[PDB]
């Protein structure tokens, strides 16, 4: 069949920050790729003045605005539309700017059930989400991991026909890639106010030995990631060469074409000399 991949993320922007080049790699090769976003990003902050009054401290309309940002970003990556877990607006994120519908406080029967329904409908060959620490500990990222882990297990056996996801991966930050990438930046790649952080300010990184797979995307796919990040204008600032970006904290990272993964469930396919698979579909018999 045509391969089917599912990426499950907490907020609008995370899909591009983490998996933009992988998503673009697979959609350009004709795979069916879907992104599930668990919240609208209602509690986000905004870069710049134009949309400053949309945040939760003023009009509290930022999540609605971010639907268009996500849609634009997904389109840049070859994905036709967003999917919000439980429907757009079901569960609210926990951000910087009281709620009776916060995703972290949600009834697990409802969040796991929603995701299980998605997995059983789509029948993905691959599911991707955060590691157990959510990347850098954001409560919504940790909860997405919890919900997704539970959904993958339960989707095998809720209504519908059981589907055992062939390969379940965690998206992680590759330390050696980030270091190499950062070393390759030049001052032209950064805005004056940016600083290159040490890895521990932005993520719980992984050594080469703790990584199972890499998707080493081409320049077309990296450019699609750059465009996707640009679409999230309230959240990300892309640098002048499209080689680095920063969030509102001014901590700049390289926009790399290589994305790394830990195989959490399933059997690996053929690994390269680093001991890494080079295709999330490895071993599944796709030509």
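Residue numbers count along the first chain shown, from 1.
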query	finding
Residue 158 preceded by how many uncoordinated deposited residues after residue 157	4 to 9
Where residue 199 meets residue 200 in the shown sequence, the number of deposited residues left unmodelled	none
Entry-level comparison of average CA B-factors, 111-119 and 190-198, reporting the higher stretch	190-198
Between the two ranges 65-73 and 249-257, the one averaging a larger CA B factor in the entry	249-257
Candidate set 53, 220, 235, 39 [ranked by C-alpha B-factor, highest]	220
Per the PDB entry, maximal CA B factor within 161, 140, 131, 212	161
Third of the chain, ranked by Cα B-factor, where residue 101 sits	highest
Residue 150 CA temperature factor, ranked by third within the chain	middle
Third assignment of residue 33 from its chain's C-alpha B-factors	middle
Residue 180 by Cα B-factor - lowest, middle or highest third of the modelled chain	middle
Residue 225 - Cα temperature factor, lowest/middle/highest third of chain	lowest
